[PDB]
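Here's the letter readout for the chains.
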Amino acid sequence: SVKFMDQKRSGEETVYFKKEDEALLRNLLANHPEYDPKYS
Amino acid sequence: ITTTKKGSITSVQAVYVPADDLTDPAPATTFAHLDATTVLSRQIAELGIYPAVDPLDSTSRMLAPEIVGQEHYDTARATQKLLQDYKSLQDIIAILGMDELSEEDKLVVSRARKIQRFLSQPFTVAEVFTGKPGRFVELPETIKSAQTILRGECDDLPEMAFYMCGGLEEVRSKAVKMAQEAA
Amino acid sequence: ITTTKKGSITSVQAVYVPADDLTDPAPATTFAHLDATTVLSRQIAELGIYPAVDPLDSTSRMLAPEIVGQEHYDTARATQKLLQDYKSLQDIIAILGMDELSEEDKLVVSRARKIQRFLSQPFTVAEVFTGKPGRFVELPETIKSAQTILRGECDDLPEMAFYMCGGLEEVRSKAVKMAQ
Amino acid sequence: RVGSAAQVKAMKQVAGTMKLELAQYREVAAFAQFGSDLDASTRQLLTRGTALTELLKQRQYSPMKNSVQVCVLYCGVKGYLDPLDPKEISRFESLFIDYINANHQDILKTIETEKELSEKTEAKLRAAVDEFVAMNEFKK
Amino acid sequence: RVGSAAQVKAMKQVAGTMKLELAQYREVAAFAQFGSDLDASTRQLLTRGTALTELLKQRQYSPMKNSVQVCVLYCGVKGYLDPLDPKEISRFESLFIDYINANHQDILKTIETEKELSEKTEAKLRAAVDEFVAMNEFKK
Amino acid sequence: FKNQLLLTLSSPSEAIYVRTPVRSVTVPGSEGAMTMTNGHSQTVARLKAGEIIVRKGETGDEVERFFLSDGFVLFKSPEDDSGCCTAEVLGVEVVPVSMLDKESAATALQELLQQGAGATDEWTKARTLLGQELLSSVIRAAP
Amino acid sequence: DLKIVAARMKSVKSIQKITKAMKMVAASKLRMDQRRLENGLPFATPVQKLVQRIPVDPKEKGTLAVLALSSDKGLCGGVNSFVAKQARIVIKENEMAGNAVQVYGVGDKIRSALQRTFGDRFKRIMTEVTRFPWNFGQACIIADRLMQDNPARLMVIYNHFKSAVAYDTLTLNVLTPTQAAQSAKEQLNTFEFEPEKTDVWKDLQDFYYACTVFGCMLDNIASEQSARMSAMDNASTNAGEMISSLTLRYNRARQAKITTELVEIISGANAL
């Protein structure tokens, strides 16, 4: 119950925020071109 | 071991805590003899967050607005509040899931995870474990970065970026690299 | 502390269960000697009921239908059943509201509140604090009142009337005078 | 605590990636068991972790040399076990070992002497694995 | 175990209410993570409890007098902080103190001398609170 | 029950009427508008757009307006024992006329004409024309 | 030991608390879902009855398409279990005669139930539908997807919401254009179609599909929420029982620790 809940929580959070990080990495360089090395 | 009107001794004591039990008489007695405290955890080291400092058990007499200014005090207390909030949401996440959390709670969880990953940093002596080079982060940079993360400026930045980075600028560089490698 | 041929000594011992452990040797050795139990609760004093005796948690060895006859036992078990049913109905009403109730459920709720209020009574000693007088109550009167309240004859009487009244007749008089 | 300092470079190269992959697999193993839609990357992580877990199993009194461990973990890390059935791996290992002890003794001697994996040995091992997968057939 | 016997009436009048309000908040605390789905008569308890909890916060080495406590808790229990953002309450109180300490020292002297909150002093207090709210502007 | 007209005017999000007794109900059929009353034959009809106009038996003179985009009407004869004849007006979006606007209508019309100027697909042209229809109807129907 | 039992008690207490909270939340959601049903069912019943006047035989041979409605969240009792059971029954019954079966689904639970056994028959799956409130626009998309893949016979599996503590699994044999063209529609001759029947039938049929999906999904949602409340009740009760057992064990271990430490001290004191 303890290790069960802890590992379930860790996996769920990991998956959710991995998806979100994939989307943010897709949409980053457009909205912040000052960091984009294409324009440097 | 104490400062006097002739000199000063700054001591740094490592206290073994057997079986991770802080209720043992030896550390229990030693807690009262210290000005600054830093409690390391296994649950954090399991996440690869080294140094494995628990920021909710670490304390210090110096963390007061008159010694360190309010820009430091309020920043630290906001970080601690955020992490405690993330700790209270753990069971709801474990039973129901992230789907049930509101967008405020999701923002809280994201910022707390970013803070957790950001407090990590690589040491120069740990090169023989990680291979990565070491960093020396001054304090104003830390305060700027923490204020920036708590204010919500870096929500767009990915969580992975805040890993073993001395400063926020390094985090931006890592995010740029990860986005370029994505395509 | 026991009865003899000359007289008797009754005793009312206050007990403290350390760490809510009824298996601890001290209370486990003390409960062997207890012939009864009388629990108090702040969750009944907040309702204004006094004495705040929790009728469910309380127990006794003398309640069996040999020392008290097989009418006291029946009335007591009926009241306990009613109060348990009202506890369940309260747990439901906390969620589904008190609109989804049948007629028998509302009757059970009414009887439960009436009997829970009825068991309260004043005290002769608290008079000096309030001026309200004391009410001694014999046991047959209480048995008859509980029988009547559970049969459903007294449902018509208002719930407010069943408060701080020694006997059912007093409750009726209060209901008669509150209509004015 | 000693760690990589008590490890050969040829084993470092593989074991770093293996430790990382196993950490990720342990992290998402509990969530995976329940059964929910997952991204291709997460599924790949689960597949590689399961493959590596099935690789590290061994019979009693059946130890192995260091070079053979290097070769097997190379096959496991570069993705020559992801599509394969987990329960089949227990023979993919054995056969592969016999193959590289039959026709590729030079690779083992080179790893034993130089104690590293140059690009030449890398390419030779990759070619050997390709030949082995071609000559043999498994459930996937 | 002593209780209100160790309180002036001016503090009893507000404490008897605040204790019940915080007990109600304690009964519906876990619903704070689900209040979006609930209805009124249960969000009001959460709001009042949150406001009071943010009011009882205090600063190190900065205590207050009983009169100021009574004034602030009257502002709190009487619903003059429900529509505010919680984070601003720490400002509110501070300003209010200065406000009263600038304007209505007579009320404080009366509460300290008579040890009671009469209807006339209560009306004066509501007047001062309304003037303070009119002077200043808050987030929510 | 009674020799009235049992109307049920229903949208997915809200049922405005369920068994409302009325005298006559006007509906904008695809061919043309028509008024259903008791005794009207069994029928099914497709609606195009416009202002349903209800008239209760108690009202007679007083009415109720409701704008409908698209949907169906089903008039069903009266059962021998009920003595009342039923009608069901199903609408994908049934708004009252009080909640309508003439400015946003013209803005949407302008944006539709802008989008449809690049006429290449049949569905785009058809959507432009049908939007013109419905928005003109809304303008003529709004107060 | 003690730390083990204490940690378990803490976890189970948290579980019980969160369970009660989710129970109340699900009760509120069930109120709103009953409201959605009461408002949105009259929109769907009439056309469904009108086309159900045409009797559909479920023994017809042809490409069957099974639309199984389910949820995306867990703790819904066992409603999706019964849905997948009925779907397996239908598939195994219709695949014997030789009817090639296709599977459409709504929710991830049916996908997880039937992936291993009938995953070689899926055609299109939708999910994340219960995030926002159910609407006719959500149903029209699924109906259009069904029509573009026009099969010879369609079945719909869902859960009927009888009462707050009772549901019922059903299967709707749904009419299709192939089954409509094979009938002269003599049963609808009593109805005067204002446009001609041949011109209005395709639109009445699309409306029928949409309304069917709409009503079926509403009933399934209500049944889901009822089962969720029941499951939370049972889970809180079981958590209370486990808490009682763990409390007994904790007190036992506490007494043992005290006795052991004291005996150690005494034995070290008497060996002097």
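Residues numbered from 1 in each chain as written, not as in the entry; some residues may be left out. Chains lettered and ligands numbered in written order. Part of a larger assembly, values for the part shown. Heavy atoms only, no water.

- Regarding how it was determined, this PDB entry cites cryo-EM in its header, along with a resolution of 3.1 Å.

1. Digging into the overall build of chain B
Here is step 1: Of the regular secondary structure elements, chain B holds 8 helices and 0 strands.
Here is step 2: C-alpha extents for chain B along the principal axes are approximately 60 × 40 × 40 Å.
Here is step 3: Every one of the 183 residues in chain B was classed for burial, and the buried ones make up 37%.
Here is step 4: Long-range contacts, defined as pairs at least 24 residues apart, comprise 46% of the intrachain contacts of chain B with a sequence gap of at least 6.
Here is step 5: Distance from the positive charge centre (19 side chains) to the negative charge centre (27 side chains) of chain B: 6 Å. (Helix = DSSP H or I, 4+ residues; strand = E, 2+ residues; numbered from the N terminus. Buried < 20%, exposed > 50% of the residue type's maximum accessible area, 1.4 Å probe, protein only. Contact = heavy atoms within 4.5 Å. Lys, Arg positive; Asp, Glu negative; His and termini not counted. Charge placed at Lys NZ, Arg CZ, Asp CG, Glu CD.)

2. Quick look at the packing of aromatic side chains
Here is step 1: Taken as a whole and judged by the stated rule, the model has 21 aromatic pairs over all chains.
Here is step 2: Ring centres of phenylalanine 96 of chain D and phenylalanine 132 of chain D lie 5.7 Å apart, and the angle between their planes is 80°; this geometry places the pair in the edge-to-face category. Placement of the pair is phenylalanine 96 of chain D in helix α4 (residues 89–102) and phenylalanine 132 of chain D in helix α6 (residues 119–135), with a sequence separation of 36 residues. Grouping residues by exposure puts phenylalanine 96 of chain D and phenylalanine 132 of chain D together as buried.
Here is step 3: Measuring from centroid to centroid gives 6.0 Å for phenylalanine 136 of chain G and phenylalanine 214 of chain G, while their planes differ by 80°, and the two rings are edge-to-face. Residue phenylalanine 136 of chain G is located in helix α5 (residues 136–148), and its partner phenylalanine 214 of chain G is located in helix α7 (residues 197–270); the two are separated by 78 residues in the primary sequence. (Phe/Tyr/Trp six-rings, centres within 6.5 Å; stacked < 30°, edge-to-face > 60°.)

3. Observations concerning a nonpolar patch on the surface
Here is step 1: Residues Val15, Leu22 and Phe31 of chain C make up a contiguous nonpolar surface patch of about 240 Å² in total accessible area.
Here is step 2: By the element assignment, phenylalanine 31 of chain C lies in the loop between α1 (25–30) and α2 (42–45). (Patch = residues over 30% accessible without salt bridge, like charges linked within 9 Å, V, L, I, M, F, W, Y side chains within 5 Å. Areas by Shrake-Rupley, 256 points an atom, 1.4 Å probe, with all protein chains shown as cover. Salt bridge = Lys/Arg side-chain N within 4 Å of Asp/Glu carboxyl O.)

4. Things to note about unusual backbone geometry
Here is step 1: With an omega of 0°, the peptide bond running from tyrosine 50 of chain B to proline 51 of chain B counts as cis.
Here is step 2: Note on placement: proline 51 of chain B falls in the loop between α2 (42–45) and α3 (70–88).
Here is step 3: Here the bond from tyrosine 50 of chain C into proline 51 of chain C is cis, since omega is 5°, no more than 30 degrees from zero.
Here is step 4: Structurally, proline 51 of chain C is set in the loop between α2 and α3 (69–96).
Here is step 5: Residues other than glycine seldom take positive phi values, yet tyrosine 61 of chain D does so here, at roughly 60°.
Here is step 6: Taking relative accessible area as the criterion, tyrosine 61 of chain D reaches 78% and is therefore assigned exposed.
Here is step 7: One non-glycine residue, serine 41 of chain E, adopts positive backbone phi at about 75°.
Here is step 8: With respect to the element layout, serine 41 of chain E can be found in the loop between α1 (9–27) and α2 (43–55).

5. Looking at the arrangement of the chains
Here is step 1: By contact count, the leading pair among the 10 pairs of chains in contact is chains F and G.
Here is step 2: Taking C-alpha atoms only, the smallest gap left between chain D and chain E, which are not in contact, amounts to 23 Å.
Here is step 3: Taking C-alpha atoms as the reference, chain B and chain F come no closer than 25 Å and do not contact one another.

6. Some words on the side chain of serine 58 of chain C
Residue and element names in this part refer to chain C.
Here is step 1: Tracing the chain through its elements places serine 58 in the loop between α2 and α3.
Here is step 2: A polar atom in the side chain of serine 58 sits 3.1 Å from the backbone oxygen of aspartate 54.
Here is step 3: Apart from residues lying up to four places away in sequence, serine 58 is in contact with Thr37, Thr38, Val39 and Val53. (Polar contact = N/O pair within 3.5 Å; in protein donor to acceptor, adjacent residues only side chain to side chain.)

7. Some details on the domain arrangement of chain G
All names here are of chain G.
Here is step 1: Domain boundaries in chain G define domain 1 (1–24 + 232–272) and domain 2 (25–231).
Here is step 2: Here the C-alpha centroids of domain 1 and domain 2 sit 49 Å apart.
Here is step 3: Taken together, the contact pairs 8 residues of domain 1 with 9 residues of domain 2.
Here is step 4: In terms of surface lost to domain 2, no three residues of domain 1 exceed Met22, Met24 and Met232, which account for 64% of the buried area on that side.
Here is step 5: Scanning the region where domain 1 abuts domain 2 turns up 0 salt bridges.
Here is step 6: Where domain 1 touches domain 2, the interface holds 18 residue pairs in polar contact.
Here is step 7: Among the elements of the structure, α1 (3–40) and α7 are those that each provide at least two residues to the side of domain 1 that touches domain 2.
Here is step 8: Among the residues making up the side of domain 1 that touches domain 2, the classes are represented as 5 nonpolar, 1 polar and 2 charged. (Domains from an automatic or database assignment. Buried area = accessible area lost by both parts, 1.4 Å probe. Nonpolar A, V, L, I, M, F, W, Y, C, P; charged D, E, K, R; others polar.)

8. Thoughts on the pattern of salt bridges
Here is step 1: Applying the stated criterion to the full structure yields 46 salt bridges over all chains.
Here is step 2: For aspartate 120 of chain G, the salt bridge goes to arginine 121 of chain G, with nearest N and O atoms at 2.4 Å.
Here is step 3: The exposure class of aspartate 120 of chain G is exposed, given its relative accessible area of 62%.
Here is step 4: Here the residues in one salt-bridge network are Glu13 of chain A together with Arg113, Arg117 and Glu159 of chain B, joined through shared partners.

9. Some points on helix α5 (residues 105–114) of chain D
Residues that lie three or four places apart on an α-helix share one face, since the helix turns once every 3.6 residues.
Residues and elements named next belong to chain D.
Here is step 1: Residues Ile107, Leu108 and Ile111 constitute the buried set of α5. For α5, the angular spread of the buried residues around the axis is 100°, confining them to a single face. Away from its buried face by more than 90 degrees, α5 exposes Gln105, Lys109 and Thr113.
Here is step 2: Along its buried surface, α5 packs onto α1 (9–34), α3 (66–77), α4 and α6.
Here is step 3: Two residues or fewer past α5, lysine 115 is found with a positive phi of approximately 60°. (Arc of directions from axis to C-beta.)

10. Looking at the sheet that holds strand β4 (residues 153–163) of chain G
Residues and elements named next belong to chain G.
Here is step 1: Spatial ordering of the open sheet is given by β3-β2-β1-β4-β5, a layout of 5 strands whose pairing is mixed. Here the strands that pair on one side only, and so sit at the sheet edges, are β3 (122–126) and β5 (166–174). Averaged over neighbouring strand pairs, the angle between their axes works out to 20° when direction is ignored.
Here is step 2: Of the strands in this sheet, β1 (64–69), β2 (101–106), β4 and β5 are in contact with helix α3 (residues 79–94), which crosses β4 at around 150°. (Pairing = 2+ DSSP bridges. Axes fitted to C-alpha atoms, helices over the stretch in contact; angles between N-to-C directions.)

11. Re the nonpolar core
Here is step 1: Judged by nonpolar contacts, the single largest core of 53 residues is most densely connected at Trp134, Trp201 and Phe207 of chain G.
Here is step 2: Residue assignment for this core shows that the elements contributing at least two residues are β7 (71–76) of chain F together with α1, α2 (45–52), β1, β2, α5, β4 and α7 of chain G.
Here is step 3: A per-element tally of this core places α7 of chain G first, with 16 residues.
Here is step 4: Not counting the four nearest positions on each side in its chain, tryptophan 134 of chain G is found in contact with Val129, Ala139, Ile142, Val213, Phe214, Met217, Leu218 and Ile221 of chain G.
Here is step 5: Ranked by size, the runner-up nonpolar core spans 41 residues in total, among them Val109 and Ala175 of chain B, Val28 of chain E together with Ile15 of chain G. (Core = buried A, V, L, I, M, F, W, Y, C linked by side-chain atoms within 4.5 Å.)

12. Quick look at the interface of chain G and chain F
Here is step 1: Counting residues at the interface gives 20 residues for chain G, matched by 21 residues for chain F.
Here is step 2: Here chain G and chain F share 1 salt bridge between them.
Here is step 3: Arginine 46 of chain F is paired through a salt bridge with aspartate 203 of chain G; the nearest N and O atoms lie 2.8 Å apart.
Here is step 4: Among the elements that make up the side of chain G that touches chain F, the one with the highest residue count is α7 of chain G (6 residues).
Here is step 5: In this sheet, strand β6 (residues 192–193) of chain G lies alongside strand β4 (residues 43–47) of chain F in parallel orientation, the contact comprising 2 bridges. The partner of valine 44 of chain F across the bridge, within β6 of chain G, is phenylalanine 193 of chain G.

13. Some words on the state of the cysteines
Here is step 1: This model, assessed by the stated rule, comprises 0 disulfides over all chains.
Here is step 2: With no disulfide of its own, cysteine 75 of chain E lies 6.8 Å from the sulfur of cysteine 71 of chain E, the closest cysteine sulfur.
Here is step 3: Here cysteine 211 of chain G is not disulfide-linked; the sulfur of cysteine 140 of chain G is the nearest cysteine sulfur, at 8.1 Å. (Disulfide = S-S within 2.5 Å.)

14. Here's the deal with a positive patch on the surface
Here is step 1: A surface patch of like charges, here positive, comprises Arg42 of chain C together with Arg1, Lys19 and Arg26 of chain E.
Here is step 2: With respect to the helices and strands, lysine 19 of chain E occurs in helix α1.
Here is step 3: Exposure remark for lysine 19 of chain E: the relative accessible area of 65% places this residue in the exposed category.

15. Some thoughts on α1 of chain E
Residues and elements named next belong to chain E.
Here is step 1: Under the 1.5 Å per step criterion, the end-to-end length of α1 is 27 Å for 19 residues, consistent within 8% with the ideal 27 Å.
Here is step 2: Helix geometry: α1 is bent most strongly at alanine 15, by close to 30°.
Here is step 3: For α1, the full list of buried residues reads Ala10, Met11, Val14, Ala15, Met18, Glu21 and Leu22.
Here is step 4: Next to the buried residues of α1 lie α2, α3 (66–77) and α5 (105–114). (Expected span 1.5 Å × (residues − 1). Bend = angle between axes of the 7 residues up to and from the residue.)

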